[PDB]
Amino acid sequence: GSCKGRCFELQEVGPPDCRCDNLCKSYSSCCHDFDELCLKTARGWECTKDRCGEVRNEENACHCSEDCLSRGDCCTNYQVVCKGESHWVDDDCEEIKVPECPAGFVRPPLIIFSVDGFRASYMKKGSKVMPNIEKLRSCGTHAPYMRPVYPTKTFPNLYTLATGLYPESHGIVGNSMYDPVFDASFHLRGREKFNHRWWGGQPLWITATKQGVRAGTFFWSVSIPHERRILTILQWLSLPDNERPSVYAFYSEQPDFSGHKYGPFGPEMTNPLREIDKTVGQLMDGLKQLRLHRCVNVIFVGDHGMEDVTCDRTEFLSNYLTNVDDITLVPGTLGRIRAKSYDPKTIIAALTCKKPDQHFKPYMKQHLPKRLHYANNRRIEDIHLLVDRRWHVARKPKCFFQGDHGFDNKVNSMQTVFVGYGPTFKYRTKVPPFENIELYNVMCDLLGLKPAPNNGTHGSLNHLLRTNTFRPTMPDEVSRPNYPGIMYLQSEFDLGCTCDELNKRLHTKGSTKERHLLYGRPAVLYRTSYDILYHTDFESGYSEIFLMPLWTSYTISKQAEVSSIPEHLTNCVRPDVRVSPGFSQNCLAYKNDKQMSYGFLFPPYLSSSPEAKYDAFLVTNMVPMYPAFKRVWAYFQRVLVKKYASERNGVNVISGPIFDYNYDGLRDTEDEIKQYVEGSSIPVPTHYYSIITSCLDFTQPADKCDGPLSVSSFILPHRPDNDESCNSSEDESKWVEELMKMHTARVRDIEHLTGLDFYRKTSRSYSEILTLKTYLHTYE
Ligand SMILES: *[C@@H]1O[C@H](CO)[C@@H](O[C@@H]2O[C@H](CO)[C@@H](O[C@@H]3O[C@H](CO[C@H]4O[C@H](CO)[C@@H](O)[C@H](O)[C@@H]4O)[C@@H](O)[C@H](O)[C@@H]3O)[C@H](O)[C@H]2NC(C)=O)[C@H](O)[C@H]1NC(C)=O
Ligand SMILES: CN(c1nc(-c2ccc(F)cc2)cs1)c1c(CCNC(=O)c2ccc3[nH]c(=O)oc3c2)nc2ccc(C3CCN(S(C)(=O)=O)CC3)nn12
Ligand SMILES: [Ca+2]
Ligand SMILES: [Zn+2]
Ligand SMILES: [Zn+2]
């Protein structure tokens, strides 16, 4: 019943046996002598000239003896003080082309150094405040920042780091949660969070174990000091090959904790940060003693950022809801609302655009921006509040706290850090910002593990690594397009559409692709049947199942001209002579549908001539749109496409419908579609997307780009009102573009939602294209 020889053992035991592992305290299950033998502090964590060559005294926190290296329990500065060696930080960056490991090491180990609440902008503090972290960043591979998941809270983000999955898929949807199946709640404080039932997916430590790669315990009882956590990792690395883990995690509650008290603005954040840097230097000094500093891959990574949030900036739901004791609220930098043991429609309405200075917005979770991927889990309440940065929402009525996090993950203040350092990482390399969902695959790559299915795009971060085992390959196209000729007469069509001889070579099976499909046809990766339709100004992939385009592709040059829709073509809808009446929409559906109207994917505002404009009124270019949404879409088409073309030296636009009625972020099947236009087989999209591509080199036009591409995309909610936009009663120039920015999207998001694969034909490497597809334009 003792921890003698068992401190931070990788075994777990009992009862009636008592434990000595990293989490024995959190279960109050340690042996009588744990704190004595395992949580030692005597003589601190640094050697002194005095202690060099001491006979081992087991009561010291760490040792300065000749045997200390054999056990890996030296003070981290032992060789510096007692062998005339240099601190790691004081050594010059030297490139590590190959892993340089002690005898018996079969792979380079991975150490994940996770820091809680470490905002990206903290890195600017410099080698003055943080020399060790600055060396890792400079010598190794780093990003300017790493995007967390939503909500930007510890437990969702740390588990996303571990699994490569969105909170909705791994299950840890918040620091606080209620699961209606368990009829139980998850809390930061308590033992409940230790129950495995909450934790889905497959975290790295499990992935590694299943594939015969031993893992260190990632979790550390809060009582264990950081120096001890580092020393434990170093002792573990000192173990024989058949006991030694290949993957380790250190975790620090800082600088988060100080961020809460001080805020990210505090000049007093420097001390916390300097502590962290010290811990890093201890780790690197430690590795250097053990001859592991050119062997181990080190990842320095945060879980989220920190914002200035004071208790005076608090919205109270009681000031909006007159029935506030009928609801439970997960409060703070977000809101999640639920009935206590109640009508969500009147709740939302009562929370919508009530006050000028309203610092939150209510959403049914399916209406939240799709980039957040925050809906598909029974643990996520139907009603959600997006709270403005710097604010809080509480249920009912100086501060102790001055900082917090949890906000929308595109907010600057929420951004966090990534540094990769070691033989497998690149030397002195800066990489673009990326999302934390991508890291799991990398960590698997760094350990030679086959990753479990996750939300990362494997390959999109190959550019971080000197050597990558994984080679991404484009998916095979499943459905082939038809390329139909003019194979129907006008008189054959009876659609119910009003619209006021010519030599017919019109549906130009030529020139179009070259000027309107710049990056290849989208591959359809599901089994369906569709037709490629050509026109002077646009090309489309028309679905015969959904009776509208899956994608509409067109290029608008810098100097493109914008025209209006004439009075005589306002209600013009024309039949296509390449597609049968049966596989066409009809106007009667819309004239019968009191709520639903129609718009066009290719805009009639950007036709290249009066003649070409008639093709924009084809029934095959038509899609169901609520009047409310047409305000948005029309403004996009008439004003904003032109503006983007003007700013970016031409744009290629790929627009289309999205069906996600079950809000799983994935292309609906026909069966999952829950709304059609009245009395028709024509489905109503939940969203409309556009992918706006151009040359990164803006001195080259979009259609004549010889190099990297620039992308911006959105997934607009197809809503019957504009209640989401509080200034929607004003001119569209005052609110539409802001709505679109809120609903910015990765191409990869659109791919999940459509089952299309974009950018198949380019001059760029496929891994670069994966990077392009993972890009998110944030407007922050
Ligand atoms: C983010 O990545 C997630 C993981 O790849 C994606 O979730 C997966 O989504 C698919 C399709 O909806 C599901 O596939 C079905 O799986 C069932 C049962 O097998 C799996 O069951 C559990 C579910 O928790 C899973 O964890 C196990 O690994 C099992 O393999 C099959 O019977 C069906 O035929 C079908 O294949 C996956 O279950 C699901 N996995 C997880 C872990 O969520 C998610 O779609 C991605 N999100 C986006 C937006 O792309
Ligand atoms: C989730 N988590 C931890 N994750 C890692 C980790 C993950 C991936 C990496 F690449 C590196 C490291 C290490 S520890 C975790 C924690 C962290 C504790 N924080 C807080 O309590 C906290 C900190 C700051 C906050 N600010 C704020 O507003 O709220 C804050 C909260 N604690 C625990 C406890 C238990 C677990 C479980 C994970 C799942 N396993 S399982 C079933 O897979 O074996 C069980 C343990 N987990 N955890
Ligand atoms: Ca779906
Ligand atoms: Zn955190
Ligand atoms: Zn915090």
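Just so it is clear, the values below take in all heavy atoms, side chains as well, and ignore hydrogens, waters and symmetry mates. In what follows, residues are counted from 1 in the order of the sequence shown. In each ligand, atom 1 is the first atom listed, and ligand 1 is the first ligand listed.
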Identify whether the distance between the nearest side-chain nitrogen and carboxylate oxygen of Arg748 and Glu438 falls below 4.0 Å.
-> no

Identify the two heavy atoms, one from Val173 and one from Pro156, that lie closest to each other, and give their separation to 0.1 Å.
-> C-CG, 4.0 Å

Kindly indicate whether atom 22 (C) of ligand 1 is approached by any protein heavy atom to under 4.0 angstrom.
-> no

Any side-chain donor-acceptor pair under 3.5 Å between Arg107 and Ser246?
-> yes

Please name the residue in the list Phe218, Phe219, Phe113 that meets the ring-ring contact (aromatic ring centres under 6.0 Å, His included) test with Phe250.
-> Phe113

Sub-4.0 Å protein heavy atom next to atom 19 (O) of ligand 1 | no

Proximity winner for atom 13 (C) of ligand 2, if only heavy atoms of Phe113, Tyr159, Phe218 are counted | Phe218

Is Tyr663 close enough that one of its N/O/S atoms sits under 3.0 Å from the Ca ion (ligand 3)?
-> no

Among protein heavy atoms, which lies nearest atom 7 (O) of ligand 1, and at what distance?
-> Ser169 OG, 4.5 Å

Under 4.0 Å to a heavy atom of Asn175 - the qualifying atoms of ligand 2, by number = 29 (O)

Output, in order, the C-alpha distance, side-chain angles, deciding distance and verdict of disulfide bond (SG atoms under 2.5 Å apart) for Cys30 and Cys24.
-> CA-CA 5 Å; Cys30 319; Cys24 68; 2.0 Å; yes

Any protein heavy atom lying closer than 4.0 Å to atom 13 (C) of ligand 1?
-> no

Just jot down the ligand 1 atoms closer than 4.0 angstrom to any heavy atom of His752, in number order.
-> 50 (O)

Please state which protein non-hydrogen atom is closest to atom 10 (F) of ligand 2 and give its distance, to 0.1 Å?
-> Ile112 CG2, 3.4 Å

Angular separation of O (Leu666) and OD1 (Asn662) seen from the Ca ion (ligand 3), to 10° = 160°

Taking atom 45 (C) of ligand 2 as the point of reference, which of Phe401, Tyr251, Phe219 owns the nearest heavy atom?
-> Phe219

Can you tell me if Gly665 has an N, O or S atom under 3.0 Å away from the Ca ion (ligand 3)?
-> no

Say whether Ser221 and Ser26, considering side chains only, have a donor N or O and an acceptor N or O under 3.5 Å apart.
-> yes

Apex the Ca ion (ligand 3); atoms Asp664 OD1 and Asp660 OD1; angle rounded to 10 degrees | 80°

Could you tell me whether the SG atom of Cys20 lies less than 2.5 angstrom from the SG atom of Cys38?
-> no

Tell me which protein heavy atom sits closest to atom 12 (C) of ligand 2, plus the residue, atom name and distance to 0.1 Å.
-> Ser114 OG, 3.7 Å

Measure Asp749 to ligand 1 on non-hydrogen atoms and call it side chain, backbone, both or neither using the 4.0 Å cut-off.
-> neither

Does atom 40 (N) of ligand 1 have any protein heavy atom closer than 4.0 Å?
-> no

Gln254 versus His226, side-chain donor and acceptor atoms under 3.5 Å = no

Do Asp749 and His373 have side-chain N/O donor and acceptor atoms under 3.5 Å apart?
-> yes

For ligand 2, is any non-hydrogen atom under 4.0 Å from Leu158's backbone (N, CA, C, O), its side chain (CB onward), both, or neither?
-> both

How about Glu672: does one of its N, O or S atoms come closer than 3.0 Å to the Ca ion (ligand 3)?
-> no

Side chains of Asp408 and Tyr150: donor-acceptor distance under 3.5 Å anywhere?
-> no

Under 4.0 Å from any heavy atom of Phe194, which atoms of ligand 2 are there?
-> 34 (C), 35 (C)

Pick from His304, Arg147, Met146: which one makes a side-chain contact (heavy atoms from CB on, under 4.5 Å) with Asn436?
-> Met146

Contact region, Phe155 to ligand 2, non-hydrogen atoms below 4.0 Å, reads side chain

Nearest neighbour in protein (non-hydrogen) for atom 31 (C) of ligand 2 | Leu188 CD1, 3.5 Å

Below 3.5 angstrom, do we get any N/O pair linking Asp116 and ligand 2?
-> no

Of all the non-hydrogen atoms in the protein, which one sits nearest to atom 9 (O) of ligand 1, and at what distance?
-> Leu666 CD1, 4.7 Å

Tested for ring-ring contact (aromatic ring centres under 6.0 Å, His included) against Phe546, the lone hit among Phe659, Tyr530, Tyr526 is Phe659

Hey, are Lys773 and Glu751 close enough for a salt bridge, meaning a charged N less than 4.0 Å from a carboxylate O?
-> yes

State, without any angle test, whether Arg313 and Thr310 hold a side-chain donor-acceptor pair at a distance under 3.5 Å.
-> yes

Compute the shortest N/O to N/O distance between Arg189 and ligand 2 and return yes if it is under 3.5 Å, no if not.
-> yes

Indicate whether atom 45 (O) of ligand 1 is within a distance of less than 4.0 angstrom of some protein heavy atom.
-> yes

Could you check which N/O/S atom of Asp668 is closest to the Ca ion (ligand 3)?
-> OD1

Any protein heavy atom lying closer than 4.0 Å to atom 50 (O) of ligand 1?
-> yes

Proximity to ligand 2 by part of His405, non-hydrogen separation under 4.0 Å | side chain

Atom 26 (N) of ligand 2: nearest protein contact (heavy atom, Å) | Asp256 OD2, 2.8 Å

Run the salt-bridge test on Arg527 and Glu670 with the 4.0 Å N-O cut-off and return the result as yes or no.
-> no

Report yes if the distance between the aromatic ring centroids of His260 and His405 is under 6.0 Å, otherwise no.
-> yes

Donor-acceptor side-chain pairing of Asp445 and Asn468 below 3.5 angstrom = no

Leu439 side chain near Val301 side chain, heavy-atom distance below 4.5 Å = yes

With atom 43 (O) of ligand 2 as the reference point, say which of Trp199, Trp205, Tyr440 has the nearest heavy atom.
-> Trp205

Short N or O distance, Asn455 and ligand 1, threshold 3.5 Å exclusive | yes

To the nearest 0.1 Å, how far is atom 5 (O) of ligand 1 from its closest protein heavy atom, and which atom is that?
-> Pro453 CB, 3.4 Å

Taking atom 33 (C) of ligand 1 as the reference point, report whether a protein heavy atom occurs under 4.0 Å from it.
-> no

For atom 4 (C) of ligand 1, which candidate among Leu165, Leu753, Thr163 provides the closest heavy atom?
-> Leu165

Within 4.0 Å of some non-hydrogen atom of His260, the atoms of ligand 2 are 26 (N), 27 (C), 28 (O)

State whether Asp21 and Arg19 are salt-bridged, where the test is any N-O pair (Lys NZ or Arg NE/NH1/NH2 against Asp/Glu carboxylate O) under 4.0 Å.
-> yes

